[PDB]
Amino acid sequence: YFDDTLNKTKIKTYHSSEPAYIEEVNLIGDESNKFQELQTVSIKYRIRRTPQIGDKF
Amino acid sequence: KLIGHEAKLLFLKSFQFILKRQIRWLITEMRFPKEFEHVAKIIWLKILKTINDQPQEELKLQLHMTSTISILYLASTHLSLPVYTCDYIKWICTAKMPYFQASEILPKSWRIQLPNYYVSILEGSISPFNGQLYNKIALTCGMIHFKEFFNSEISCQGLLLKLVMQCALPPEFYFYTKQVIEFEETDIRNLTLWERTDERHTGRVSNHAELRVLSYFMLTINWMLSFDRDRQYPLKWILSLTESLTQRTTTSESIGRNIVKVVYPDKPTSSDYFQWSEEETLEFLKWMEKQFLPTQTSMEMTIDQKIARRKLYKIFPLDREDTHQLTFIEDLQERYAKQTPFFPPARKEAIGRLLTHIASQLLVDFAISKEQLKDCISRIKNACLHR
Amino acid sequence: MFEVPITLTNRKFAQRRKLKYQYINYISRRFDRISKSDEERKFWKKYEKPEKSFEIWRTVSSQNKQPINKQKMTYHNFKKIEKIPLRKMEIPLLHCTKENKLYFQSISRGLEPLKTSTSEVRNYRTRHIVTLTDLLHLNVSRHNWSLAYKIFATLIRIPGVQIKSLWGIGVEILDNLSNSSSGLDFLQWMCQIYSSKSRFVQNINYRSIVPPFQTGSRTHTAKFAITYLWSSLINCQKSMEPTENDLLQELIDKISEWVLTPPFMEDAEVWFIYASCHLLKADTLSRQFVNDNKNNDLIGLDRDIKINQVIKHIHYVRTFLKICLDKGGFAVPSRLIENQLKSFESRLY
Amino acid sequence: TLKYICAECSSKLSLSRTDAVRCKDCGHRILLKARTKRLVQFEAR
Amino acid sequence: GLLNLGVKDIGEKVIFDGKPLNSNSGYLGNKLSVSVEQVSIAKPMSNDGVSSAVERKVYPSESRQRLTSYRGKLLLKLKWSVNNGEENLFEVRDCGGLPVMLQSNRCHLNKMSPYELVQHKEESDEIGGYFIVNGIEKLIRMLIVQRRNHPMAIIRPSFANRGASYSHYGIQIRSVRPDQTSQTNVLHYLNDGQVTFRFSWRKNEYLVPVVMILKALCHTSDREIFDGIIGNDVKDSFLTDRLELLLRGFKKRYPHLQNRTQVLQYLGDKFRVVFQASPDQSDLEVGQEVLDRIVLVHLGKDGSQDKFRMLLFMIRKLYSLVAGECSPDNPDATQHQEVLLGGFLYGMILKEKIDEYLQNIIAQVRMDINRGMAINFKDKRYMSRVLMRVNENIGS
Ligand SMILES: [Zn+2]
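Residues numbered from 1 in each chain as written, not as in the entry; some residues may be left out. Chains lettered and ligands numbered in written order. Part of a larger assembly, values for the part shown. Heavy atoms only, no water. Residues with missing side-chain atoms left out of burial classes, pairs and counts.

Looking at the PDB entry, one finds chain E named DNA-directed RNA polymerase I subunit RPA135 and attributed to Saccharomyces cerevisiae.

In the nomenclature of the PDB entry, chain D corresponds to DNA-directed RNA polymerases I, II, and III subunit RPABC4 from the organism Saccharomyces cerevisiae.

As structure tokens, this is what we get:
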């Protein structure tokens, strides 16, 4: 993304213990009065979970 | 979006372009080679010459909706391909000209150049009234000094033909009126386009050649029919022509003249509006579904609005929720036959009745002056009696 | 000749009623005194607006109101009031066009203009559109369905239509158009469009859209939304009682969505139609359980669960008809509906 | 051409930094970012 | 539905401009009766920008994907009554978005077949019943509460925790009004034979001698109350003497309460400060309104002989517990209990919030009259301005 105040292209880093896959990216303009600049985005992560030592059964 | 000199330059430019678009449909329309194209180009090159000179901050150029066709008109006369009334009716009927709406441009952008003071005041403001159209031609000639530059102005033995065929195309009346024209009509010489009426009050010098041609045309008819001592034109013959005349479909032409009638002017065709002979009604809606399709394309009325509009047109699928009609010379032939039985107070009345009709027709294609026309008539009336 | 789809070439007409009003507040004042743009808004603030209808028709039977005034008008007395407002109309006459000087001097003499402002406008787009209007009005005045539809469909494609006759000829043309569409759809599309749930009346110079025949969603009913419900109940009646059904429910839940705000909010047919739809839903269920005791020989059929479902309704309807009366609803001839409903009860026995 | 599907109309579109976040075919205000022909490697486990 | 009974139960909230006029100075005047006649709730809709826009039904799928609440516009027909009827003003006020239960009479999915439900991107079998609040699915947990309207005999050391001369024995009846709002009423047997009645007002507790609430319900003789309790049981020396202590003791405390009306005047006088009825109601009205709002509200208004009979039944049950001729019940036995349903709690909390909201209007009038007193109860401007000056977003 880009904030004019910083004149910089900034990024939101992913902070987690495990890799994932992006399932959906949803662009939210709804319930807004105008908001056309698309300031809200919802991103879904798909984390595969293989049965593993320590999993409860 | 700019004011002053450079606003004017693009105002200028846009005017530049639409005329060019006008000219090329001109070529496809008539197909009269490099010639029609290049003469038109230098004509405006000549027109531009004058605009630059009185520049500084001269903004009188704001040439009108009519200036462009006057330009094409004069260029055509140089060449002398056609006529004015015919050209105008044809153009309105088929929207041949991009004349009436100025959105074409190629400007999307020129539009935004803020139609401001000018470009907004361009393309399609309104339809010509009285002399609001022959006057401009005179002004163009004056700036143009057109008569010196171009040969045989306002001429056309073709307008006479157009006119006789126009209705009671009494083959003999072509030569009759050609003869009276021969007569005192500028000492038996083809009327040339009037001069560069430099003066701004545009007096009715009444030199617009055609205007006088139609006048001689009318005069000829009643004089000719008002002293056909030999009785070559039967009592019952005159009303038959007016009879058969009683409107009728049109292999394109009459439908056009209806479309011109519909500029709701002085109410001579207004009622035709009302009447509108059945189908005339139908082929009218046909020409509306084809030629005000351009109509337009709201941008900036939330996408949502546009969608709604679409839906509306949606739930109105519409457009369909002898080839029948006939051509021009077909109709012309068939009324020429509808009178084919050829071989006191009443006839005078009939003659007056008929003349009013043509007055309607010829006047209706043109700036009329339900008086000037008359004034024009009066004028040569006076001109004539100096035998 | 007919009513045109467009904002009235706002050029001379706007300065003509500057002069009209300004004179009426000038002569209006001195006359009131003896009895001891801006001016136009003040003229309406001295008279009170047109409520949601047409002509402030309201009875003719309450207050006596003694108006013997006294003819109080001695040619001499009129020219005492008038002698000074006319000289004050001059100053702004100097500033007005020669056509508007004569127009003012005609209406100040009491002459009326036989020159319809919509009989001179000379604009291409407008030009035709007046073509457009009379052709469709002359075509519905002879029921030409196949041609009235084409003229209507083109009239909305040109940039000059405010619902207007867009809806009032757009519905019949679809009733006369035995082919495609139920004014209903078009009627429900209109309803979606001009809800106007906002209570806007008065204030500015409504001279672009007056006809309470478009507008509302405030208080002033919309009449295409009332016609949508009336056409919808008549669309439910045809070939009912001679899952894919739903319509008489669709209309019970589409009227619900409302339940007053603007429509519920305002009374009448809103309540009365909803009921009438509800009363029809009561008959249909007496028929579907009517003929020769329900269908025939008795019901044994778990006695009647169906009678109890119908008596609940009949008792409910009578509540909707009553609240429509109580809240000032003059629409309903109660005597006939109560007799019909009781004689119908006597079918359910 | 980047793609965004209308959550309620399925209509494909190509949003710009200059347009309203809305389905031009329905009017919804929720748009799924479309998958494209893009390479991804996978360990088949 | 229950909610319209609730707003019928909140009644009125009256405020006087001290209505000057210059009896109009010790009876003054100009009444303003504010209430709510109807309360309507509409199914979730969303119109674009702001107004004039065509509305669309809003679906739960939208709220979840959008991560937002699933709100329905809350509307209520406000009654603004001036001078008991000199002028009535109706107003449908929108009170913000009330979260609606799924598959309820307020969810679009209430009547959708699985096929349509799938057509709306839902679990083909979605039971619903829960709320989308800020996109997070929450349901209101059902709760186990005392079975309503029926006296449960309880021994509780709290009863001694009231003070000296308190026994453990006591009766608890949880009277619930039609609207499902509850009011717990307790009877206590004092060691002294005195019986005191516990109740709660403005969620503070209040104790009154039961013989006062008896003489307050209906005009009766002492023999009618005595006969009401012991009746044919003329052999209970235990009860004969305790009940003589009760009635004679009341004759000791209040020799001057000679008739029921006077008693009502005593109750109105002692609760007038807290029942907020003042500058409008007489001690007779305040007292009787108290009885009507507290004592066995499950019996309802004008049940005052019936409420009298029931209260006597609780006195008899209480003495039968005291002797020990009957066991006490167990509040924790499922036997003695009913279930506060989430939606009912919802309706109660709405009723209370609308009561506070009308009180809030009353506060707004108080501030306006205390800084200007500029405007009369009649102004339509006053309705619009005052209404626009209190906060009415109860939906949020
Ligand atoms: Zn869509």
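Having seen the structure, we can now continue with the description.
Attention now moves to the overall build of chain D. Regarding its fold elements, chain D presents zero helices and three strands. The N-to-C order of helical and strand elements in chain D reads β-β-β. Considering chain D as a whole, with its 45 residues, one finds that 33% of them fall into the buried category. When the accessible area of chain D is evaluated, it comes to approximately 3,600 Å², of which 47% is carbon and sulfur surface. Seen as two clouds, the 11 positive and the 4 negative side-chain charges of chain D have centres 6 Å apart. (Helix = DSSP H or I, 4+ residues; strand = E, 2+ residues; numbered from the N terminus. Buried < 20%, exposed > 50% of the residue type's maximum accessible area, 1.4 Å probe, protein only. Areas by Shrake-Rupley, 256 points an atom, 1.4 Å probe, with all protein chains shown as cover. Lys, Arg positive; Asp, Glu negative; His and termini not counted. Charge placed at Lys NZ, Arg CZ, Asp CG, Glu CD.)

Once that is clear, we can look at empty space enclosed by the protein. Residues and elements named next belong to chain B. Of the pockets and cavities examined, the largest cavity occupies roughly 160 Å³. The set of elements that each furnish at least two residues to the lining of the largest cavity consists of α1 (5–30) and α3 (65–79). The element contributing the most residues to the lining of the largest cavity is α1, with three residues. Across the lining of the largest cavity, the residue classes tally to 10 nonpolar, five polar and one charged. Taken as a whole, the second largest cavity encloses approximately 120 Å³ of empty space. Lining the second largest cavity are 13 residues, with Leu 211, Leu 214, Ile 368, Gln 372 and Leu 373 sitting closest to its centre. Secondary-structure elements contributing two or more residues to the lining of the second largest cavity are α10 (209–225), α17 (345–365) and α18 (369–384). (1 Å grid on protein atoms, 1.4 Å probe; cavity = no way out; pocket = protein on both sides within 12 Å on 5 of 7 lines; lining within 4 Å. Points joined across faces, edges and corners; volume = space filled by probe spheres on them. Nonpolar A, V, L, I, M, F, W, Y, C, P; charged D, E, K, R; others polar.)

In the Ramachandran plot, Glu 51 of chain C falls in the positive-phi region, its phi being about 25 degrees despite a non-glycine side chain. Residue placement: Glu 51 of chain C occurs in the loop between α2 (38–45) and α3 (76–82). If you check the backbone angles, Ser 10 of chain D has positive phi at about 70 degrees while not being a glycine. Summarising the element assignment, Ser 10 of chain D is placed in the loop between β1 (4–6) and β2 (12–13).

This part is about the coordination of the zinc ion. Residue and element names in this part refer to chain D. Taken together, the protein donors to the zinc ion comprise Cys 6 (SG), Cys 9 (SG), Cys 23 (SG) and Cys 26 (SG), at separations of 2.0 to 2.3 Å. Read in sequence order, the donor residues coordinating the zinc ion give the pattern C-x2-C-x13-C-x2-C. Pair noted here: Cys 6 is in strand β1 and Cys 23 is in the loop between β2 and β3 (30–33), with a separation of 17 residues, a long-range link. Overall, the relative accessible area of 1% leaves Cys 23 in the buried class. (Donors = N, O, S within 2.8 Å, 3.2 Å for Na, K, Ca; no water.)

Looking now at the interface of chain C and chain B. By a widespread convention, an interface's size corresponds to the accessible area lost as its parts come together. Taken together, the contact pairs 38 residues of chain C with 34 residues of chain B. When the area that chain C buries against chain B is broken down by residue, the three leading residues are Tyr 124, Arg 127 and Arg 157 of chain C, summing to 22%. At the junction of chain C and chain B, the tally comes to one salt bridge. A salt bridge links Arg 157 of chain C to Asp 319 of chain B; its shortest N-O distance comes to 3.7 Å. Put simply, the parts of the chain that give the side of chain C that touches chain B at least two residues each are α6 (124–140), α7 (145–157) and α10 (184–193) of chain C. (Contact = heavy atoms within 4.5 Å. Buried area = accessible area lost by both parts, 1.4 Å probe. Salt bridge = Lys/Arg side-chain N within 4 Å of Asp/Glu carboxyl O.)

Time to look at the packing of aromatic side chains. Evaluation of the coordinates by the stated rule reveals 50 aromatic pairs over all chains. Within the aromatic cluster, the residues linked to one another by ring pairs are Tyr 73, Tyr 84, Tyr 88, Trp 91, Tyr 99, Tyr 134 and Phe 366 of chain B. Between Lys 49 of chain C and the ring centre of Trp 44 of chain C, over which it is positioned, the NZ or CZ distance is 3.4 Å. Above the face of the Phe 90 of chain E ring, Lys 77 of chain E is positioned so that its terminal group lies 4.8 Å from the ring centre. (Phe/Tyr/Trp six-rings, centres within 6.5 Å; stacked < 30°, edge-to-face > 60°. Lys NZ or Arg CZ within 6 Å of the ring centre and 35° of its normal.)

The next thing to look at is the interface of chain B and chain D. Chain B puts six residues into the contact, and the matching count from chain D is eight residues. Of the roughly 450 Å² buried where chain B meets chain D, counting both sides, 57% is carbon and sulfur surface. On the chain B side of the contact with chain D, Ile 303, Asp 304 and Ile 307 of chain B bury the most area, a combined 80% of that side's loss. Between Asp 304 of chain B and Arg 22 of chain D there is a salt bridge, and its shortest N-O distance comes to 3.1 Å. Residue composition of the side of chain B that touches chain D, by class: two nonpolar, one polar and three charged.

We now examine the domain arrangement of chain E. All names here are of chain E. The domain architecture assigned to chain E consists of domain 1 (1–128 + 342–396) and domain 2 (149–330). The straight-line distance from the C-alpha centre of domain 1 to that of domain 2 is 37 Å. Counting from both sides, the interface comprises 10 residues of domain 1 and, opposite them, 10 residues of domain 2. Summing both partners gives a buried area of about 940 Å² for domain 1 against domain 2, and 55% of it is carried by carbon and sulfur. (Domains from an automatic or database assignment.)

Residue and element names in this part refer to chain C. Side chains of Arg 30, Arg 33, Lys 36 and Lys 88 sit close together on the surface and give a patch of like positive charge. Within the secondary structure, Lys 88 is located in helix α4 (residues 87–94). According to the relative accessible area criterion, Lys 88 is partly exposed, its value standing at 38%. (Patch = residues over 30% accessible without salt bridge, like charges linked within 9 Å, V, L, I, M, F, W, Y side chains within 5 Å.)

Attention now goes to the state of the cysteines. The full count for this structure, using the stated rule, is zero disulfides over all chains. Here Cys 141 of chain B is not cross-linked by a disulfide; its sulfur's nearest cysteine counterpart is in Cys 156 of chain B, at 14 Å. For the unlinked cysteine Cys 236 of chain C, the closest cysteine sulfur is that of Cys 277 of chain C, found at 6.7 Å. Since its relative accessible area comes to 3%, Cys 236 of chain C is described here as buried. (Disulfide = S-S within 2.5 Å.)

Quick look at the pattern of salt bridges now. Proximity of charged atoms lets side chains of opposite charge pair with each other. According to the stated counting rule, one finds 58 salt bridges over all chains in the structure shown. One salt bridge connects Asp 30 of chain A with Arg 66 of chain E, and the closest N-O pair in it is separated by 3.0 Å. Remark: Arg 66 of chain E occurs in helix α2 (residues 60–66) and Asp 30 of chain A occurs in the loop between β3 (21–28) and β4 (40–46); the pair is interchain, linking two chains. As a salt-bridge pair, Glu 195 of chain B and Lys 147 of chain B come within 3.9 Å of each other at their nearest N and O atoms. Highlighted residues: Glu 195 of chain B in the loop between α9 (171–184) and α10 and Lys 147 of chain B in helix α7 (residues 146–149), separated in sequence by 48 residues. Taking relative accessible area as the criterion, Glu 195 of chain B reaches 40% and is therefore assigned partly exposed. For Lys 147 of chain B, a relative accessible area of 37% gives the class partly exposed.

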